[PDB]
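Numbering (our numbering), first residue to last: 1185 to 1348. Contents: one structure, followed by commentary.
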Ligand SMILES: CC(C)C(=O)NCc1nc2ccccc2[nH]1
């Protein structure tokens, strides 16, 4: 079960943690992946989660895309959590580094409301280029279900908590 999290709101918790190590420890019902529309888990959170599954996440994802086509920015799909969780909710936040509308970040977080409890990264943060302080703000103002945020960088985690 989730431990060592700092409570930010009624339903939002945060921890300086590697989401892969956190998923391996917690084995949550849902781990959120910071996905792209093609489910190409190359780097960032997606690359790390996929590597932890021995590429099984990518094999499953390629079958999903072959059948369904790409996701929408702001959208999601539920796939297996493999060895990390029961399910992985692949959520596509806007990639500011590809010029995508930051306004889609709230739509991306709305996917979390379909799950009672989730282990997640900050959407659109990291290699997706958005301000993580903004991402946390949208998370707290959009997600109503119980979200346990894992923030990999200690320095960013401290900035997020101290500026909340
Ligand atoms: C499991 C450990 C050894 C690992 O794969 N580290 C690499 C790594 N990169 C990350 C990016 C975002 C979030 C978590 C990330 N982890």
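For each residue, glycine too, the CB sits at the ideal point set by N, CA and C.
With 16 other Cβ atoms within 10 Å as the buried cut-off, status of residue i
{"i": "residue 1193", "result": "exposed"}
{"i": "residue 1279", "result": "buried"}
{"i": "residue 1310", "result": "buried"}
{"i": "residue 1346", "result": "exposed"}
{"i": "residue 1187", "result": "exposed"}
{"i": "residue 1331", "result": "buried"}
{"i": "residue 1237", "result": "buried"}
{"i": "residue 1250", "result": "exposed"}
{"i": "residue 1284", "result": "buried"}
{"i": "residue 1185", "result": "exposed"}
{"i": "residue 1229", "result": "buried"}
Segment limits, beta strand (DSSP E) that includes residue i
{"i": "residue 1309", "result": "Where residue 1309 is concerned, there is no enclosing beta strand (DSSP E), given that its DSSP letter is neither H nor E."}
{"i": "residue 1334", "result": "1330 to 1335"}
{"i": "residue 1288", "result": "Here residue 1288 belongs to no beta strand (DSSP E); instead the alpha helix (DSSP H) covers 1288 to 1294."}
Boundaries (first-last residue) of the alpha helix (DSSP H) holding residue i
{"i": "residue 1199", "result": "Not the alpha helix (DSSP H): residue 1199 falls in the beta strand (DSSP E), residues 1196 to 1200."}
{"i": "residue 1149", "result": "The first residue shown for the chain is 1185 and the last is 1348, placing residue 1149 beyond what the model contains."}
{"i": "residue 1345", "result": "1338 to 1347"}
{"i": "residue 1204", "result": "1203 to 1210"}
{"i": "residue 1238", "result": "Premise fails: residue 1238 is in no alpha helix (DSSP H) and is neither H nor E."}
Contacts around residue i, its chain only, beta-carbon distance under 7 Å, and the 5 residues preceding and following it disregarded
{"i": "residue 1200", "result": "1335, 1338, 1341"}
{"i": "residue 1313", "result": "1279, 1280, 1281"}
{"i": "residue 1264", "result": "1244, 1271, 1272"}
Close Cβ partners of residue i (< 8 Å) along its chain, the five nearest in sequence each way excluded
{"i": "residue 1227", "result": "1311"}
{"i": "residue 1233", "result": "1203, 1204, 1207, 1215, 1217, 1225, 1241, 1268, 1272"}
{"i": "residue 1348", "result": "1192, 1320"}
Residue of the options minimising C-alpha distance to residue i
{"i": "residue 1304", "options": "1256, 1190, 1259, 1275", "result": "1275"}
{"i": "residue 1297", "options": "1235, 1329, 1189, 1333", "result": "1329"}
{"i": "residue 1261", "options": "1316, 1211, 1190, 1299", "result": "1299"}
{"i": "residue 1221", "options": "1315, 1306, 1292, 1317", "result": "1292"}
Neighbourhood of residue i by C-beta distance below 6 Å, restricted to the same chain and skipping five residues each side
{"i": "residue 1288", "result": "1257, 1258, 1278"}
{"i": "residue 1308", "result": "1277, 1278, 1289, 1314, 1319"}
> Pick out every residue whose C-beta is nearer than 7 Å to a heavy atom of ligand 1: which are they, in chain order?
Replying inline: 1202, 1203, 1204, 1205, 1228, 1229, 1231, 1232, 1235, 1236, 1305, 1310, 1336
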